[PDB]
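>
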Amino acid sequence: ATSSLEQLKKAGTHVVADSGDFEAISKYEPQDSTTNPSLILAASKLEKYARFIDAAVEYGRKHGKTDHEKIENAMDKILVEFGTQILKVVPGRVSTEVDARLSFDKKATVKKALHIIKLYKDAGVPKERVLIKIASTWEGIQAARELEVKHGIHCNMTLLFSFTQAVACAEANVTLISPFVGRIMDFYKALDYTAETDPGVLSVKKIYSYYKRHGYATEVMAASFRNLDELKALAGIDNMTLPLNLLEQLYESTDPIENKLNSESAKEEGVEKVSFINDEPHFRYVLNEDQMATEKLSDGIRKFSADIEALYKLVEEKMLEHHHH
Amino acid sequence: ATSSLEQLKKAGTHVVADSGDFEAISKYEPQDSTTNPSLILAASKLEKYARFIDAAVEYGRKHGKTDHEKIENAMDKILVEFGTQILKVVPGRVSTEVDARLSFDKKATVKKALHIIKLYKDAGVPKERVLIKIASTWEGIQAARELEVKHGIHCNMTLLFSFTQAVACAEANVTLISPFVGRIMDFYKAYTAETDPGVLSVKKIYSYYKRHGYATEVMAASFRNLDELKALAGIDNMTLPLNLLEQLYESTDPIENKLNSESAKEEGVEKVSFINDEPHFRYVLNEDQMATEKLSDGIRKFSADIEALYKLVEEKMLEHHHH
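Order-wise, the sequence lines are chains X and G. Each residue of the first sequence is one higher than the one before, starting from 47 at the first, in my numbering. Each residue of the second sequence is one higher than the one before, starting from 115 at the first, in my numbering.
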């Protein structure tokens, strides 16, 4: 009997592991890996990974002049340390997220992505194995647009809650999008569901159908799963990134998972072509009319920014230990 | 038997009437008047003002080619018709709101403001008597910045919920800001007059302006009740709905000065800057969940009132075409 995990892969979905705990992911045989500020913070606290934090702290000490510069450099190196280790375990790519504090700064986001890519190159990792992960604000989408076409740097568009964001991303020729399933459902829940009626599931289906109808090459990676019913409803979608607990539930089970989403079927549901990438006021207005997406994007940026500030303090403490000892 | 309303004026606050019902406002002897989408919709539904709506519809029918253009032109004329009548009643200014659907479009907001001013000029109204009301997005603030310095067009910055927006507005040299008192309190409630977060926010803004010598007028807006009002007595201006004005007109309850520039100066925080740094403004505003969510919803709400006015005008335009 085939595990639920293998059945998902057979249904046509690539499995992606959402964790910084790279030691824990290999048994699920994921294709790619994703990290984000919450996951990096969590992993950075684990005593077993102390040597990677130490290496990052030494790096930051070397390159910064002010303690602030030292700390910020070290935080960059932490992302790359974990990413490099992950790439030893997965055959595909790792997603490394641009500082969320830069979500409203296109120029700074482009420069940060270029810097992260350079650090990977210095570590012997080619840019083809990296997805630079960027919040799906107007500025983030435009940053990705530049990185993809000007630099050949592949981007993963995250904190994506709306069809409006997804259209803009497709037009920007981004490599991959990560529409959030669970957080969409969270909003309308407060204002639970069956999988067929789940607003997050319906949103991702709409985005998928559109991409496939109009022939956009951008990969769709469903993200932020709350339960296996959401997952089962989207089986067949290009990629899913999943937390370790849900991977373990799929791994241990033989419960059936069959194809639900496929390009040939979904094409017929795709809505008529629209456009946003060239009209900033129109994008901002239409996005603003989506209360859920506006509020969840805004909150996601604050949450990830708080996780980065927590990482900063963790690094400050270690940097001090290094200086003293 | 000095009314509460009169004591408010004596406390140093200019009283502004928040209403499109211009026949109802003279009783309170307001200095200025404010209108917005919600109020314009409400007054347009009143039968005593049918002749002004008819005039606006006739105007739209003349200038538009498509029905859409006719309706949109009529909407502009409705705003200007009411504003023109208000200016016969009040000695001071009228606030007329730029299409909230343009809140994220600096260029279109500037052009719309220029158009409204031209329409007022056509009606014989001098531009110094008009305040162009603009939502306090980054785009709106930059639009106001241009209107003030390039065109000498005076702006009233609305949907203002944060110190961040207030700083940018002062640096942009805007004529007036309208910080919302009640909606700020609404968020955090979901308080005494001294602990009311709306009151504290407005006091923070007022103190900052006065300490640093910014000439921008502070008009506290969006009151729920008299407790918030009394805590802010002495502030430059308050815009008040007819129900609150009536309450104050009929009441004898005491109102004394609480806010003045000389006392407030001492509470003002250190000078900061936002007007020249778009990413910084956007990041810091986004860190203020209340302000972000209230600005966002305020734009949706005013956009909904414009769509409702559109449908009212559409129906009249059809009646005019048919009959």
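Ideal Cβ placement from N, Cα and C applies to all residues, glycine included.
#1: DSSP three-state call for X:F322: helix, strand or coil?
#2: Starting from the beta carbon of X:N324, find every residue of chain G whose beta carbon is closer than 7 Å, and list them in chain order.
#3: In chain G, which residues lie less than 8 Å from X:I347 when you measure between Cβ atoms?
#4: Identify whether X:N82 lies in helix, strand or coil by the three-state DSSP scheme.
#5: Kindly indicate which residue of X:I347, X:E363, X:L296, X:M267 has the alpha-carbon position closest to the one of X:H60.
#6: If G:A347 and G:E370 are in contact, beta carbons under 8 Å, what's the gap, nearest whole angstrom?
#7: Measuring only the C-alpha atoms, how far is G:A222 from X:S50?
#8: Given X:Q211, which residues of its chain have a CB within under 6 Å of its CB, disregarding the five upstream and five downstream residues?
#9: Return the CA-CA distance between X:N291 and X:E75, expressed in angstroms with no decimal places.
#10: Give the straight-line distance between the Cα atoms of residue 407 of chain X and G:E392, rounded to the nearest whole angstrom.
#11: Taking X:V176 as part of the alpha helix (DSSP H), name the residues at either end of that continuous run.
#12: Check the Cβ of G:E285 against every Cβ in chain X and list those closer than 7 Å, keeping chain order.
#13: Does DSSP put X:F226 in a helix, in a strand, or in coil?
#14: Look at the alpha carbon of X:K258 and the alpha carbon of X:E242, and state the distance between them as a whole number of angstroms.
#15: Since I believe X:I162 is in contact with X:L125 (beta carbons under 8 Å), could you give me their beta-carbon distance rounded to a whole number of angstroms?
#16: When every heavy atom of the ligand MG is checked, does at least one fall within less than 7 Å of the C-beta of G:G296?
#17: In three-state terms, what does DSSP make of X:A89?
#18: Who are the neighbours of X:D151 on chain G, taking C-beta pairs under 7 Å?
#19: May I ask you to report which of helix, strand or coil DSSP gives X:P76?
#20: Just the C-alpha distance for X:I178 and G:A284, rounded to the nearest angstrom, thanks.
#21: Have a look at the DSSP bridge pairing and note the partners of G:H128.
#22: So which residues on chain X does G:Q279 lean against when the C-beta distance must stay under 9 Å?
#23: Once the 5 residues before and after X:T48 are set aside, which same chain residues still bring their CB inside 8 Å of it?
#24: Work out the CA separation of G:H394 and X:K164 for me, nearest whole Å.
#25: Under a CB-based cut-off of 8 Å, is G:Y363 close to chain X?
#26: Does DSSP put X:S208 in a helix, in a strand, or in coil?
#27: According to DSSP, is residue 440 of chain G part of a helix, a strand, or is it coil?
#28: Could you tell me whether the Cβ of G:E407 comes closer than 8 Å to any Cβ of chain X?
#29: Helix, strand or coil for G:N357 per DSSP?
#30: Please check the pair G:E262 and G:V288, which I expect to be a contact at CB under 8 Å, by giving their CB distance rounded to whole angstroms.
#31: In chain order, what residues of the segment 217-244 of chain G put their CB closer than 9 Å to some CB of chain X?
#32: In whole angstroms, what is the alpha-carbon distance linking G:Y302 and G:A257?
#33: Mark X:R139 as exposed unless 16 or more other C-beta atoms lie within 10 angstroms of its C-beta, in which case mark it buried.
#34: What is the rounded straight-line gap between the Cα of G:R414 and the Cα of G:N187?
#35: Residue range of the beta strand (DSSP E) that X:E265 falls in?
#36: For G:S209 and G:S336, what's the separation of their Cα atoms in angstroms?
Looking at the atomic coordinates:
#1: The residue you call residue 322 of chain X lines up with position 276 of the first sequence. Here X:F322 carries a coil assignment [DSSP, helix/strand/coil].
#2: In the first sequence, the residue the question calls residue 324 of chain X occupies position 278. By Cβ distance, chain G contributes nothing, its closest Cβ being about 14 Å from X:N324, past 7 Å.
#3: Mapped onto the first sequence, residue 347 of chain X falls at position 301. Ordered by position in chain G, the residues that pass the 8 Å Cβ test against X:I347 are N400.
#4: On the first sequence, residue 82 of chain X is found 36 positions in, with the first residue counted as 1. DSSP places X:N82 in coil when its eight states are reduced to three.
#5: Within the first sequence, numbered from 1, the residue matching residue 60 of chain X stands at position 14. Cα-wise, what sits closest to X:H60 is X:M267.
#6: Counting from 1 along the second sequence, the entry for residue 347 of chain G is found at position 233. Counting from 1 along the second sequence, the entry for residue 370 of chain G is found at position 256. In this structure G:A347 is in contact with G:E370, their Cβ atoms being roughly 6 Å apart against a cut-off of 8 Å.
#7: Position 108 of the second sequence, counting from 1, holds the residue named residue 222 of chain G. Position 4 of the first sequence, counting from 1, holds the residue named residue 50 of chain X. Those two C-alpha atoms are separated by around 54 Å.
#8: Within the first sequence, residue 211 of chain X is the residue found at index 165, counting from 1. Taken in chain order, the residues that qualify are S182.
#9: The residue you call residue 291 of chain X lines up with position 245 of the first sequence. The residue you call residue 75 of chain X lines up with position 29 of the first sequence. Linking X:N291 to X:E75 through their CA atoms gives a straight-line distance of about 15 Å.
#10: Residue 407 of chain X is absent from the model: chain X starts at 47 and stops at 371.
#11: On the first sequence, position 130 is the one that residue 176 of chain X refers to. Where X:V176 is concerned, there is no enclosing alpha helix (DSSP H), although the beta strand (DSSP E) around it starts and stops at 176-181.
#12: Stepping through the second sequence from its first residue, residue 285 of chain G is reached at position 171. None at all; the shortest Cβ gap to chain X is about 18 Å.
#13: For this step, residue 226 of chain X is matched to residue 180 along the first sequence. X:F226: strand per DSSP, three-state reduction.
#14: As a first step, residue 258 of chain X is located in the first sequence; it is residue number 212 there, counting from the start. As a first step, residue 242 of chain X is located in the first sequence; it is residue number 196 there, counting from the start. A direct Cα-Cα distance of roughly 20 Å separates X:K258 from X:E242.
#15: Taking the first residue of the first sequence as 1, we reach residue 125 of chain X at position 79. Taking the first residue of the first sequence as 1, we reach residue 162 of chain X at position 116. For X:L125 against X:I162, the beta-carbon gap comes to about 7 Å, under 8 Å, which counts as contact.
#16: The ligand MG is not part of the structure shown, which contains no ligands of any sort.
#17: As a working mapping, residue 89 of chain X is identified with position 43 in the first sequence. Under the three-state reduction of DSSP output, X:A89 falls in the helix class.
#18: As a position in the first sequence, residue 151 of chain X is number 105, starting the count at 1. Within chain G, the residues near X:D151 are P393.
#19: Counting from 1 along the first sequence, the entry for residue 76 of chain X is found at position 30. Three-state DSSP puts X:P76 in coil, outside helix and strand.
#20: Here the question's residue 178 of chain X lines up with position 132 in the first sequence. Here the question's residue 284 of chain G lines up with position 170 in the second sequence. So the alpha carbons of these two residues sit roughly 38 Å apart.
#21: The count along the second sequence starts at 1 and reaches residue 128 of chain G at position 14. Note: G:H128 sits in a beta bridge opposite G:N351.
#22: In the second sequence, residue 279 of chain G corresponds to position 165, counting from 1. None at all; the shortest Cβ gap to chain X is about 15 Å.
#23: Residue mapping note: residue 48 of chain X aligns to position 2 of the first sequence, counting from 1. Once the five neighbours on either side are set aside, the close Cβ partners of X:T48 are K56, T300.
#24: Along the first sequence, read from residue 1 onward, the residue named residue 164 of chain X stands at position 118. Along the second sequence, read from residue 1 onward, the residue named residue 394 of chain G stands at position 280. About 26 Å.
#25: Counted from its first residue, the second sequence places residue 363 of chain G at position 249. Interface with chain X (8 Å Cβ-Cβ cutoff): G:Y363 is excluded.
#26: Residue numbering aside, residue 208 of chain X sits at position 162 when the first sequence is read from its first letter. Per DSSP, reduced to three states, the secondary structure at X:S208 is coil, with no helix or strand assignment.
#27: Missing from the structure shown is residue 440 of chain G; chain G here goes from 115 to 437 and no further.
#28: Against the second sequence, residue 407 of chain G aligns to sequence position 293. Answer yes: the Cβ-Cβ gap between G:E407 and chain X drops below 8 Å somewhere.
#29: As a first step, residue 357 of chain G must be located in the second sequence, where it is residue number 243. G:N357 falls in the helix class under three-state DSSP.
#30: Indexing the second sequence from 1 puts residue 262 of chain G at position 148. Indexing the second sequence from 1 puts residue 288 of chain G at position 174. That pair is a contact at about 6 Å.
#31: Those residues of the segment 217-244 of chain G that come within reach of chain X (Cβ to Cβ, closer than 9 Å) are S217, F218, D219, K220, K221, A222.
#32: By 1-based counting over the second sequence, the position of residue 302 of chain G is 188. By 1-based counting over the second sequence, the position of residue 257 of chain G is 143. Looking at the two C-alpha atoms, the distance is approximately 30 Å.
#33: In the first sequence, the residue the question calls residue 139 of chain X occupies position 93. A buried status is given to X:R139, since no fewer than 16 other beta-carbon atoms sit within 10 Å of its beta-carbon.
#34: In the second sequence, residue 414 of chain G corresponds to position 300, counting from 1. In the second sequence, residue 187 of chain G corresponds to position 73, counting from 1. Going by the C-alpha atoms only, they are around 22 Å apart.
#35: The count along the first sequence starts at 1 and reaches residue 265 of chain X at position 219. Note, X:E265: beta strand (DSSP E), 265-268.
#36: Here residue 209 of chain G refers to the residue found at position 95 of the second sequence. Here residue 336 of chain G refers to the residue found at position 222 of the second sequence. Straight-line Cα distance between these residues: approximately 15 Å.
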